[PDB]
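Student: Based on what follows, work out the 3D shape:
(chains A, B, C and D)
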Amino acid sequence: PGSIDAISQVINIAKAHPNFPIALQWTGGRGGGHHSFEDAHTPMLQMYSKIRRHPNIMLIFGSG
Amino acid sequence: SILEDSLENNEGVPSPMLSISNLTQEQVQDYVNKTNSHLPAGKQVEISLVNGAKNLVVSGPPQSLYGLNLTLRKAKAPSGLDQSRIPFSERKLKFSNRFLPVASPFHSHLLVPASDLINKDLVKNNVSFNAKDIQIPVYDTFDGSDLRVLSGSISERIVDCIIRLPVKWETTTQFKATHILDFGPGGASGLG
Amino acid sequence: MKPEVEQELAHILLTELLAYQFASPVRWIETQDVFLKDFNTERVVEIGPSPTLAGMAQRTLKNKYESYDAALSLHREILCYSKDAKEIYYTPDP
Amino acid sequence: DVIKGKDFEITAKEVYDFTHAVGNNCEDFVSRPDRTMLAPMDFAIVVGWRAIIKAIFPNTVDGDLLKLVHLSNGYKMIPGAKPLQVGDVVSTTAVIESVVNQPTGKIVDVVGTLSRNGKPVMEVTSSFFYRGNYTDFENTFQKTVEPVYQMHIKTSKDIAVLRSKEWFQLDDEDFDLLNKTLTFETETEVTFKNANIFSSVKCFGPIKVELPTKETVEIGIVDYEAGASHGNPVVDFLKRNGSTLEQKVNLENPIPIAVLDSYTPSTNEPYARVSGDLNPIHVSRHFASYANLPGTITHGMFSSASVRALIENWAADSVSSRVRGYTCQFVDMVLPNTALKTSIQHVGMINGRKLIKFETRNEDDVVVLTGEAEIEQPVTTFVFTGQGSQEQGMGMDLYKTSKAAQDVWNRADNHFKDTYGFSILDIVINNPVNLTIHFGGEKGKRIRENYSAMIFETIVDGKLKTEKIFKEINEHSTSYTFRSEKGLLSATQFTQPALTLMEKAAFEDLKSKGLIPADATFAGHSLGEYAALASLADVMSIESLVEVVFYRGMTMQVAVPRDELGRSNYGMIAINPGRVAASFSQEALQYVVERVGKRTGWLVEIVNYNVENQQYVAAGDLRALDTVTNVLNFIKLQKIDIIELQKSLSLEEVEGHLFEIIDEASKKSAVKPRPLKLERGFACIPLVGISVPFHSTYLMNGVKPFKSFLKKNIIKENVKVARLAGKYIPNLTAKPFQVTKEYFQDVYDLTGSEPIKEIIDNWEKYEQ
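Tutor: Numbering: from 1, shown residues only, chains lettered A, B, ... in the order given. For reference, the structure is listed below:
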């Protein structure tokens, strides 16, 4: 994911199969190569609680 | 005319208490300081509730709160602006604001007059609250303190705490606990 | 002051203002501020061929009355006889 | 006999009680911090009720008070009077206007006049009805105010017929009625003696004549008197032989405002207590039942104030101040706990106020109430446009539809034809490339002398250098010719009349539709200030206007040396301090232009201060204009914050700093050909057309010849002070016209004028 909506999408793929490991690699806008107009903290700061109510989501911070 | 306009701009039906969301307490106070700049004492609006982080509630005469509402109306942005291709720093403030369901300006200078009168009345009936009698801490709305550790009248405090003084809700919910029970009005739209 | 006397005076003042207007400059910025702020006009109507003094008073509002207007909740309406017939004569569509 | 009431102080709480009784939650009546409490115009009835009701009591007006019926009641605010306040002490006077026996019963029309501090504040009108069969023909009268009749004395027999009537009685019998317009403002007082036959008929009023200003002056009297009459001869005459001026003017279509839901009170005691109407009919069932009513009828007065509140709220946007007139017809009765949809539309105009009509029906869809209200327009200001935007055919559409328009244009077009030999309508209608006047027969020669007497005086150091404006027109000239490669409509001597005319015409149509607010403020931009003065203050005739304005243009076309091809040594530049730099302020443009003024010893001054930090205009020496336009271009590409360099350096330091910049650009334009062609800038635009540095100090010598021209055309008697005081914003001063020592001084300061200086110096000419 790279968007707040994108994250929310992953959360849905998560409910999809609650027993399956999903590595949500939250990248930021300050990464290398491909980009994003997005801040690295805001999205995560904002989605964290919801991301965390799904045990199958392995939250991984990247970029910078 | 006002009610008309305030309605076709997706804001509430003008009342004495406006609630602004996703703005710094500092940010909010800034716009109000501006609005209040142009008004006389008796028509000024102040922060009533600091319900939370970027959640506040301004309060005063409905019409002057409507004025604040206009100065805000230009500073904001259409909700579906899609600033996803704009660099973060460069983007525009998106934020919510609406009038609240209440007939009176609580926690404002408009009510200070009724302060002394209410107390003078509370005495003329049986009512008083001795710190001896309260069995469990009752956290002060402004202090966050206990109302028992109080030199003067606990009654008189909670009167002035509802009528004149702001509600620093997070600081008044200083305590630590496992569980909070909400007995107050309004299901999931309520304080809990 | 005596009515006839007031006339006589007010008269020559009026003629003075008009005579010398010829040389002195046009203080329109100060003027707009008189009726926009001192009087708080809500309907400023321009009577002319095209809307020139209007867009003048419109810019002035954005440039200076941005905040005043907002707080004091005054809706201002700027109308040119040229283009805003409907709004001046109170005769709309459906 | 007049009925005197009682003095009445309005307590803060009598108001609380009344507002709450009728249910009027307007904030103007509720005690708020730092505001005096206002009293509802409704409250007038609480004050006057005892003075008024007394009027239906005398023995000569014998009625069964238990069968009394209220027909109507209205309040009219006398103009200029502020609304009732909580402080006020109020004297009430109830005169009973008309008492007439009708087929169905006796009718009494009462008039209240609530005064405050000597002056009258508002009038209250009530008419009551004693039902039954009467015949007191002995004690029955009625005075009616006849509408104003206008009469256009066109012919010689017309004037003959009028002198034929004994009631037509003017001051100087020698008055030349021929070709004037008369108005007849008549009151007719009648007393009955029989069923249809009048006992006596009086009919009096002033006769007035229209002035060029369209003002009306008393010329004489209508004085009719007759016993055993049968009809009113005077009114019949004027009806058939005249037209009836009604001050109301309908809109094109009624404009709906709102449909509101109302309710009558559970009990009537609340209203009765505040109002002083203890009439048992409304409160005691046994009285109501004895009078054979449907029940304890709601006070008709409640419905009056209740509905009024709705009009107040929704039609006046809850600005108590705005409603100045309200009136109410009690169609049918209403019981307590009835619901009332009352509807409100905007029906027309009267004297700048919105005419509003309403109708209230009940649950059974029966009309119960109907009246109208007059409500003030929002604060209005009129600004009159100056030259520059004139288009061919401008306002010619309105000439085709509006009568007011035609009269304005035609009066003018005629004056122009008969004294200068051209049609301003033609020039406007089809922009003529050229136009020759021909000094034909006896009338041709009359015309040319009016051309020959065009003088341009020039007081230079005591000396008065006067020249003919029209050099060539002389005793041997057969014609003159105005020229313009584009079209004469854009040559100021014609442009100005055209503009003034279009505007004055348009405003007089607005005035005719009753759309001009009484207290509106006005101002004009250069030229438009004559149109503004003419339109709102009628300071001059339509002809005087086109005259003054036409000469103002000829004067400006000779107040500057011209070349062979008639070229100018001067011009105007329109600047925008914004475009130079976001830093470049007003004091910055002033500063810069004042330096390039002193430095080059040329002429530049700021002429138009139009929009702060955005639109300015400077005039003067074409060379000085080419410097400023370039000095400016430099400061922009150079990014020179002068507000910052003023802090860091000294006066003399930055002075010299641009004195250098000036001197490098000033060399460049002096070395340019004869009549330098001003070119565009970054913040400078040349005003193509203008050739005179007007609104600079340059035109200071051409003042006193115009200052006489104006005095010969703006007569003392046409300057009515109130039309200007506080409403008129000049251009010299930018402050509302006031005839005060204060004001007079400011004018001297901005101009230095003899007539003024003496006046300031000996202001104590106070006493006649």
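Student: report the longest strand in chain D, please.
Tutor: strand D:249-263 (DSSP state E).
Student: ok, residue C:33 to residue C:61 distance?
Tutor: 11 Å (CB to CB, to the nearest Å). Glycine gets a C-beta too; all of them are placed from N, C-alpha and C.
Student: quick one: the closest residue to residue D:29 other than its chain neighbours and residue A:38, what's the gap?
Tutor: Closest residue to residue D:29 apart from its sequence neighbours, by CB to CB, 6 or more residues apart in numbering or on different chains: residue D:19 at 4.8 Å. Distance of residue D:19 to residue A:38, computed by CB to CB: 58 Å.
Student: mind giving me the domain ranges of chain D?
Tutor: Here chain D is described, according to curated CATH domains, as comprising the domains D:1-132+D:248-377, D:133-247, D:378-432+D:488-561+D:690-730, D:433-486, D:562-689, D:731-768.
Student: what is in contact with residue C:33 and residue C:61 at once?
Tutor: Applying CB atoms under 8 Å, 6 or more residues apart in numbering or on different chains, one finds that no residue jointly contacts residue C:33 and residue C:61.
Student: what's the spacing between the residue of chain A found nearest chain D and residue B:88?
Tutor: Closest residue of chain A to chain D, CB to the nearest CB: residue A:37 (28.4 Å). Going from residue A:37 to residue B:88 by CB to CB gives 6 Å.
Student: before we move on, back to that, tell me the secondary structure of the residue nearest to residue D:29, please.
Tutor: Following DSSP: H, G, I helix; E, B strand; the rest coil, residue D:19 is assigned to helix.
Student: ok now do it, which residues does it touch?
Tutor: Contacts for residue D:19 (CB under 8 Å, 6+ apart) come out as D:25-26, D:29-30, D:40.
Student: Selecting buried members of those residues in PyMOL, what would you type?
Tutor: Per 16 or more other CB atoms under 10 Å in any protein chain shown, the buried members of the contacts of residue D:19 correspond to this PyMOL selection:
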select buried, chain D and resi 26+29+40
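Student: which one of the contacts of residue D:19 sits closest to chain C?
Tutor: residue D:26 (16.8 Å).
Student: ok now do the closest one, which residues does it touch?
Tutor: Residues near residue D:26 by CB under 8 Å, 6+ apart: D:19, D:40, D:309, D:312-313, D:318, D:320.
Student: And for residue 1, nearest residue in space, chain neighbours not counted?
Tutor: If you meant another chain, say so; for now it's chain A. With CB to CB, 6+ apart, the residue lying closest to residue A:1 is residue A:7, at 4.3 Å.
Student: if you could check chain B rather than the one you did, that'd help
Tutor: Of all residues not flanking residue B:1 in the chain, residue D:317 sits nearest, at 5.0 Å (CB to CB, 6+ apart).
Student: Could you check how many residues crowd around that neighbour?
Tutor: With neighbours defined by other CB atoms under 10 Å in any protein chain shown, the count for residue D:317 comes to 14.
Student: Who are the contact partners of residue 59?
Tutor: In the absence of a named chain, chain A is used. By CB under 8 Å, 6+ apart, the contact list for residue A:59 reads A:24, A:26, A:48, A:51-52.
Student: look at chain C instead
Tutor: With CB under 8 Å, 6+ apart, residue C:59 has these contacts: D:611, D:614-615.
Student: Among the residues you listed, which one has the most neighbours?
Tutor: Counting by other CB under 10 Å, top hit in those: residue D:611 with 22 neighbours.
Student: before we move on, back to that, mutual contacts of residue A:37 and residue B:88, please.
Tutor: Taking CB under 8 Å, 6+ apart as the contact rule, the neighbours common to residue A:37 and residue B:88 are residue A:29.
Student: measure residue D:444 to residue D:122 for me?
Tutor: For residue D:444 relative to residue D:122 (CB to CB), the value is 61 Å.
Student: Among the two, which residue is more densely surrounded?
Tutor: Legend: neighbour count by other CB under 10 Å for residue D:444 and residue D:122, higher for residue D:122 (23 against 14).
Student: what's across from the more buried one in the sheet?
Tutor: residue D:77, residue D:114 (DSSP bridges).
Student: From residue B:94, how far out is the nearest residue to the residue of chain A closest to chain D once chain neighbours are set aside?
Tutor: Among residues not flanking residue A:37 along the chain, residue B:87 sits closest, at 5.3 Å (CB to CB, 6+ apart). For residue B:87, the distance to residue B:94 (CB to CB) stands at 16 Å.
Student: Among the contacts of residue C:59, name the ones in strands.
Tutor: D:611, D:615.
Student: Let's have the contacts of residue C:59 in JSON lines, adding distance to chain C.
Tutor: Shown next, in JSON lines, are these (distance: CB to the nearest CB, whole Å):
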{"residue": "D:611", "distance to chain C": "5"}
{"residue": "D:614", "distance to chain C": "6"}
{"residue": "D:615", "distance to chain C": "7"}
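Student: what's around the closest residue to chain A within chain D, how many residues?
Tutor: Residue nearest to chain A within chain D: residue D:582 (28.4 Å; CB to the nearest CB). The burial count assigned to residue D:582 is 10, neighbours taken as other CB under 10 Å.
Student: Spit out the contact partners of it.
Tutor: Counting by CB under 8 Å, 6+ apart, residue D:582 has no contacts.
Student: so it, which of the three states?
Tutor: coil.
Student: Kindly report the same for residue D:736.
Tutor: Of the three states, residue D:736 takes coil under three-state DSSP.
Student: Backbone dihedrals for residue A:17, please?
Tutor: With angles defined as degrees, to the nearest 10, residue A:17 sits at phi -140, psi 80.
Student: Tell me the spatial nearest neighbour of it, not counting adjacent residues.
Tutor: Here the residue nearest residue A:17, using CB to CB, 6+ apart, is residue A:56, at 7.4 Å.
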